[PDB]
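Here the structure is laid out as structure tokens; the discussion comes afterwards.
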Protein chains: 2
Amino acid sequence: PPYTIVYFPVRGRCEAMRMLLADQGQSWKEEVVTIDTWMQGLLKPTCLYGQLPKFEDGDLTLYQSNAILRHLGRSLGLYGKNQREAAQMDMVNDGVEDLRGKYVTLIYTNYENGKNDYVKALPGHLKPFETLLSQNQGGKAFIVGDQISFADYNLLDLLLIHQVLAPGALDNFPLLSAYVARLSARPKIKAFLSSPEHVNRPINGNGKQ
Amino acid sequence: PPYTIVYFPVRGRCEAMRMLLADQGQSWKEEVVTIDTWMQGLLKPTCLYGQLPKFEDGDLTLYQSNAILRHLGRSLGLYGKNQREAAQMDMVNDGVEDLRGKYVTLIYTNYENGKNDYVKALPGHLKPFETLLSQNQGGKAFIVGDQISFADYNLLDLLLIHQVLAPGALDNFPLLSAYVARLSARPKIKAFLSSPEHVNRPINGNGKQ
Ligand SMILES: N[C@@H](CCC(=O)N[C@@H](CSCc1ccc([N+](=O)[O-])cc1)C(=O)NCC(=O)O)C(=O)O
Ligand SMILES: N[C@@H](CCC(=O)N[C@@H](CSCc1ccc([N+](=O)[O-])cc1)C(=O)NCC(=O)O)C(=O)O
């Protein structure tokens with residue numbers, strides 16, 4: 001700490017890290033970058049890869065959302081109890097990222113002509129996570145192990161935005177449905193998902209969801 | 001150990017982990033999966049996300065090429081000396097993965113009409129790495145710190161395949177140019193690059209590069 005999130009005024013690739021920080025009783029500063037400011041092209045060239053979010057943790061400045069998540073997981077003790085779990089958490093998080101990428105592509109470049117197809121192939125992309133849960137404590141714990149990890153927050157966010165994209169998304173996924181509800185009931189999470197900062201923030205930059 | 005790699009008969013997303021292993025004096029098993037076999041539909045359904053590569057350390061089965069790289073780097077001591085370096089290495093690796101995905105799309109779905117534009121935009125995508133190096137001992141050491149990390153093997157592979165795609169891609173990037181020469185000059189790595197299993201193996205599965 002202190003923690004500072006530099007991002008556009010949307011949930012997008014930052015809602016997961018915010019739930020993590022909130023569920024760990026951490027406070028952070030939000031630096032909102034409007035599209036107008038970004039179009040001026042002043043901040044963009046200063047970003048390592050020309051993109052946001054940008055994260056500041058004390059003297060450390062990071063880019064790449066997944067790198068930020070892993071940093072928080074490693075520093076706040078949300079990365080498993082050993083190398084074996086750490087590897088499994090990375091495997092889970094990479095899967096989460098692959099789906100988010102496709103979700104993003106759908107939202108921003110082909111929403112009206114590709115939603116039906118996307119929702120059609122969605123169960124196939126969610127099944128792996130249902131399987132993962134079934135293999136861990138029968139699915140009554142977390143995605144990996146008995147302790148919540150950064151992967152959980154990223155996966156939770158992914159599942160939540162897909163339930164908005166497709167209402168009955170988890171109908172045929174009992175473990176994932178109970179998983180989402182279980183984590184959403186976590187006091188700090190419930191409070192976060194209920195806060196105005198979160199409610200007032202649109203899921204994506206084009207309003208589509 | 002023992003290490004087993006289940007992948008297609010290409011370098012693709014496994015050449016990086018392969019150089020890493022070889023450079024660490026490690027040996028492994030190569031289970032080559034041909035297109036024909038893959039189209040038989042027996043292995044795919046058994047893969048966590050329906051894709052390869054698949055990895056086996058003996059008791060632990062992994063998927064996601066970056067999870068594998070991170071796992072090897074973590075268990076073999078190639079993940080930095082502290083939390084700060086590990087975070088920056090992740091930031092590096094994420095950036096490498098971002099460009100690899102675009103590289104992959106070009107080669108497999110739009111090589112002909114997209115190469116011109118891709119190579120034109122390539123300098124802008126490599127610059128960040130040139131910059132990172134200039135901020136780490138003038139680029140005399142590694143991508144992050146002075147110790148080789150899983151991130152270095154991934155970046156090296158990325159730079160090498162782009163050198164074949166666009167000769168002179170590093171003409172305006174002296175630090176990256178040297179970076180590649182040096183690491184490729186490493187005894188274990190140099191031996192790998194000259195091995196028949198590597199030499200005979202195509203970069204991609206569609207004969208393009
Ligand atoms: N791999 C990187 C990917 C980052 C990325 O896609 N960043 C986008 C924003 S998230 C998606 C997004 C886009 C636009 C808005 N908006 O409000 O206008 C919000 C979110 C960006 O910086 N775009 C600016 C640019 O490239 O010039 C990561 O995971 O952090
Ligand atoms: N995020 C995953 C992505 C894995 C991925 O894209 N895997 C591809 C192979 S690498 C790219 C590739 C494609 C084809 C060949 N080939 O020889 O025909 C080789 C490599 C795959 O399994 N495709 C099968 C499928 O989706 O059905 C990772 O990083 O490991």
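To find a chain, count down the sequence lines: A is the first, B the second, and so on, and within it residues start at 1. Each ligand, and each atom within it, is numbered from 1 in the order the structure gives. Hydrogens, waters and symmetry mates are skipped; everything else that's a heavy atom, side chains included, is used.
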For a 4.5 angstrom cut-off between non-hydrogen side-chain atoms, does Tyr49(A) reach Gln64(A)? yes

If I take atom CD from residue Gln147(B) and atom CE from residue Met89(B), how far apart are they, to the nearest 0.5 angstrom? 8.5 Å

Per-atom contacts, ligand 1 versus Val10(A) - under 4.0 Å to a heavy atom: 17 (O), 19 (C), 20 (C)

Which residue supplies the protein heavy atom nearest to atom 3 (C) of ligand 1, what is that atom called, and how far is it? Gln51(A) OE1, 3.5 Å

Among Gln64(B), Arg11(B), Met91(A), which residue places a heavy atom closest to atom 2 (C) of ligand 2? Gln64(B)

Can you report which non-hydrogen protein atom sits closest to atom 10 (S) of ligand 1, along with the distance? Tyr7(A) OH, 3.2 Å

Contacting atoms of ligand 2, where contact means under 4.0 angstrom from a heavy atom of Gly205(B): 16 (N), 17 (O)

Can you tell which of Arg100(A), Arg13(A), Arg18(A) makes a salt bridge (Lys or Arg N to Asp or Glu O under 4.0 Å) with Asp157(A)? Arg100(A)

Proximal atoms of ligand 1 relative to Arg13(A) (non-hydrogen, under 4.0 Å): 28 (C), 29 (O)

Can you tell whether the side chains of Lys54(A) and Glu31(A) come within less than 4.0 Å, N to carboxylate O? no

My understanding is that we take every heavy atom of each candidate and find the minimum distance to atom 16 (N) of ligand 2. Doing that for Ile35(B), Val33(B), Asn204(B), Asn206(B), which one comes out nearest? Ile35(B)

Applying a strict 4.0 Å limit to heavy atoms, is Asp98(A) in contact with ligand 2? yes

Measure the CG-CG distance between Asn93(B) and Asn66(B) for me, rounded to the nearest 0.5 Å. 4.5 Å

Where ligand 1 meets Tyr108(A) - atom numbers and elements under 4.0 angstrom, heavy-atom basis: 12 (C), 19 (C), 20 (C)

I want to know whether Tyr79(B) and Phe150(B) have ring centres closer than 6.0 Å. yes

What is the distance from atom CD of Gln135(B) to atom CG of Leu48(A), rounded to the nearest 0.5 Å? 8.0 Å

Ring centres of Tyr118(A) and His162(A) under 6.0 Å apart? yes

What are the atoms of ligand 2, with element, lying closer than 4.0 Å to any heavy atom of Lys44(B)? 25 (C), 26 (O), 27 (O)

So for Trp38(B) against ligand 2, with non-hydrogen atoms under 4.0 Å, the contacting part is side chain

Among all protein heavy atoms, pick out the one at the shortest distance from atom 22 (O) of ligand 2; state its residue, atom name and that distance to 0.1 Å. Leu52(B) N, 2.8 Å

CG on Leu69(A) to CG on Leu20(A), rounded to 0.5 Å: 7.0 Å

Students should be able to answer this: which protein heavy-atom is nearest to atom 17 (O) of ligand 1, and at what distance? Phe8(A) CB, 3.5 Å

Who's the nearest protein heavy-atom neighbour of atom 30 (O) of ligand 1, and how far? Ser65(A) N, 2.8 Å

Within the structure, is a non-hydrogen atom of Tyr63(B) found at a distance of less than 4.0 Å from ligand 2? no

Please tell me whether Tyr111(B) and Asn204(B) have a donor and an acceptor in their side chains that are separated by less than 3.5 angstrom. no

